[PDB]
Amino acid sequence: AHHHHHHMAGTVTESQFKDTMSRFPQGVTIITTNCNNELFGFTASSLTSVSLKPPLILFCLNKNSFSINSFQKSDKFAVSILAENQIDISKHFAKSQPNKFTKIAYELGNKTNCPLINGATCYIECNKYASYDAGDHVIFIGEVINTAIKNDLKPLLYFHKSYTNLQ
């Protein structure tokens, strides 16, 4: 059967990890900031609600991303939850390149001045609340200071390493 034991090392490979975690479905967001009047953003599915009182959310960003320094230095960010018809937006922001916003329809949020992506199902503005190293990423926790639900369009899903939709 089994007995009382302590820490075991395990045998999991990276591919096993990726394949397994791909089977947790998630929405798709563009997360942005404005650092010394320069715009940065990336495609993020690691969003989650964290706390109600105070109202907190988090996301995770790779230490090796072009974006990381800006989020580290900036005290604010914004989140746009993508609709089903926004795959092109999702792919564009997932591509590492400077000046991601030249051809993109966006508005600056009222409370953070961070870009919100037109067409998104809804918008979230945050002040940065805390920040933690975690393996090869950093976890950013935001306090939600503004929200707007923009439309009833259905959300983009990411599942099994691919884009899909709700029923």
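Residue numbers here begin at 1 and follow the sequence given.
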143-151 or 8-16, whichever carries the higher mean Cα B-factor: 8-16
Avg C-alpha B-factor, entry values, 96-104 vs 26-34, higher side is 96-104
Highest recorded Cα temperature factor - choice among 123, 42, 66, 132: 66
Compared with the other modelled residues in the chain, in which third is the CA B-factor of residue 111? highest
Entry-reported C-alpha B-factor of residue 118 relative to its chain, by third, is highest
Taking the values exactly as deposited, rank residue 62 by C-alpha B-factor within its chain and report the matching third: lowest, middle or highest. middle
Which third of the chain does residue 80 land in by C-alpha B-factor: lowest, middle or highest? lowest
